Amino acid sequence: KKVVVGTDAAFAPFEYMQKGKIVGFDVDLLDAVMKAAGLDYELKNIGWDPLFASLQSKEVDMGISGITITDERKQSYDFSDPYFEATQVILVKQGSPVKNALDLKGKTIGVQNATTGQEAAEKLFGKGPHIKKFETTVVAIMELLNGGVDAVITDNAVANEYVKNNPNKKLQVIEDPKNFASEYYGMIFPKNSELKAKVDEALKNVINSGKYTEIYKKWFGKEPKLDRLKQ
């Protein structure tokens, strides 16, 4: 019996489809972690909202989908030790007047459904019509390109990856460290999972052996500050 791992492979550089195969930082880290934990696994591309549903039903044993550790998600799920630090940013067209998150007032914001980016947008301007929720971040960014939304709030490394990969779209990343707090990714599990402890120990092995850093350098071209993982 293999471990069923779910991911939403529409979140580059962490997980995405390349020539019909699921690739990314989370994909490479998962492979490293699971082999260090001695667990045969299957990686499923399932979708963002199906994934969380599947984890609650326990049909999926494990998740790695650039998922931010939050106390709101700790209600139903368990998390591994953090393996990445992120923050929400604001993605816009280069000609945007947006300088900070407060400039987004009265404007339409495209977020992926049930994410920390949605939460951040709803924290500032409350729940309402000009917060447009999409199943993938890919589609949210697509509503930005065509003018359907004025701004996108998503994770920083994803936004930076899209700007880097797509210069002809002429998008810019607006950072607001005053409004957006530090976030940490964790591998997710159904409540009281027996895999969590094995994954935590395997992650340490992966970090200690220098395996994590090689994967980090591959996707981000620089040395990680590993002290971000002991916060």
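So that there is no doubt, residue numbering starts at 1 and follows the sequence shown.
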item: Candidate residues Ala157, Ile131, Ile90, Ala114, the one whose C-alpha B factor the record puts highest; value: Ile131
item: Chain-wide C-alpha B factor ranking for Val60, given as lowest, middle or highest third; value: lowest
item: CA B-factor placement of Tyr77, once the chain's modelled residues are sorted into thirds; value: middle
item: For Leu124, the third of its chain into which the C-alpha B factor falls; value: highest
item: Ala10, C-alpha B-factor rank within chain (lowest, middle or highest third); value: lowest
item: Cα B factor band for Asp49 (lowest, middle or highest third within the chain); value: middle
